[PDB]
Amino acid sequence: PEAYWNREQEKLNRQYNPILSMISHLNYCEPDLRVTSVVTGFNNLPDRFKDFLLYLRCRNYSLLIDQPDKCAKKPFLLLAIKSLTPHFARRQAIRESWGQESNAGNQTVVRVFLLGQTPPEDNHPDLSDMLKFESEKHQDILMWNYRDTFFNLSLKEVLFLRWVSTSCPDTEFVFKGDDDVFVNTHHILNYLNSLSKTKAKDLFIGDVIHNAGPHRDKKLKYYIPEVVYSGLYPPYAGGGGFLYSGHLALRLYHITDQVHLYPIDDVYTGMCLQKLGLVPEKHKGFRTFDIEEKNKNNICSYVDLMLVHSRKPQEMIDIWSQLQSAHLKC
């Protein structure tokens, strides 16, 4: 392969598969000097691709803030919300609205926020003291010691899956979502309790996208050069969040070593499911393109909804407030 990622992944494929055969890629954290000579036009690429390619083989990052007994009592649903250090208003609105922990019929919902580091080296304002004050006051902050960037989000996925393997392998289901999304948690709990025991074992639902490919428009957010990745993407769910079983979370983590990190986290999770022999299932309750504006103020449009992107902190509280009495009028 000419594309860098496709080639290195097929090297991993031969490493983990003896039949394909007729410098740790996992904890070598020095800059990989060889990329500058092997990818055409390296020093003319954006800075994010240069950082992603130089340190592709480093993923043994450690927890700086932990909540090791978040799942001391077995949870039915684990809410894992990706967040950024300065997003205090988002995390707080999620705490008071749809991400509040509960135990209705002893079906335990627990919440964690997934953060990286916003170090001063990137000219980030020092907010660590307030993050500590929030971490001890709410005990829902998980934070590793890597640069929380847009191209390091697949690293956030892997590190979160390791935390589930270590501190929460007993949870029945996992919802992984964004901090700018509204989630009808009541509707998700109803859906989980309506599943067959067979379907619940390998659950993985979301706004699934088939036959997608990298965006070549350099001006786009998810732009991927052809020197980096070639071909089509595997089926994957994205756009705000997906829902799956705890059994599948343990299987997903244990093949992550066999898949190279990718600048798009949702594509990486899709690559991981495809190697397990599974296909993510499309569920139309994940309204990643929002809902029609003529209904954006009708609370009945949120009742049988799983997820809607996107919402500001005030709207999450407003919608969740109106949702509590929607059964008396919807």
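Start at 1 with the first residue shown and count on from there. Whichever C-alpha set is largest while still superposing within 1.5 Å between the two forms counts as the rigid core.
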query: Which of 235-243 and 146-154 strays further in 8 other deposited structures of this protein - Cα RMS after rigid core alignment; finding: 235-243
query: Stretch farther from the shown model on average in 8 other deposited structures of this protein, with CA RMS computed after core superposition (284-292, 41-49); finding: 284-292
query: Flanks modelled, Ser21 absent in at least a third of other entries; finding: yes
query: Continuity check for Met22 and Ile23, given as deposited residues lacking coordinates between them; finding: 10 or more
query: Greater mean Cα temperature factor according to the PDB record, 255-263 or 96-104; finding: 96-104
query: Entry-level comparison of average CA B-factors, 295-303 and 272-280, reporting the higher stretch; finding: 295-303
query: Options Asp217, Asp170, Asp180, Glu157 - largest CA temperature factor per the record; finding: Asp217
query: Residue with maximal Cα B-factor (values as given in the PDB entry) among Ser245, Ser83, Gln139, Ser194; finding: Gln139
query: Position of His309 among the chain's modelled residues by C-alpha B-factor, lowest, middle or highest third; finding: lowest
query: CA B-factor placement of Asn145, once the chain's modelled residues are sorted into thirds; finding: middle
query: Assigned third (lowest, middle, highest) for the C-alpha B factor of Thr198; finding: middle
query: B-factor third for the C-alpha atom of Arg287 within its chain; finding: lowest
query: Third assignment of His210 from its chain's C-alpha B-factors; finding: middle
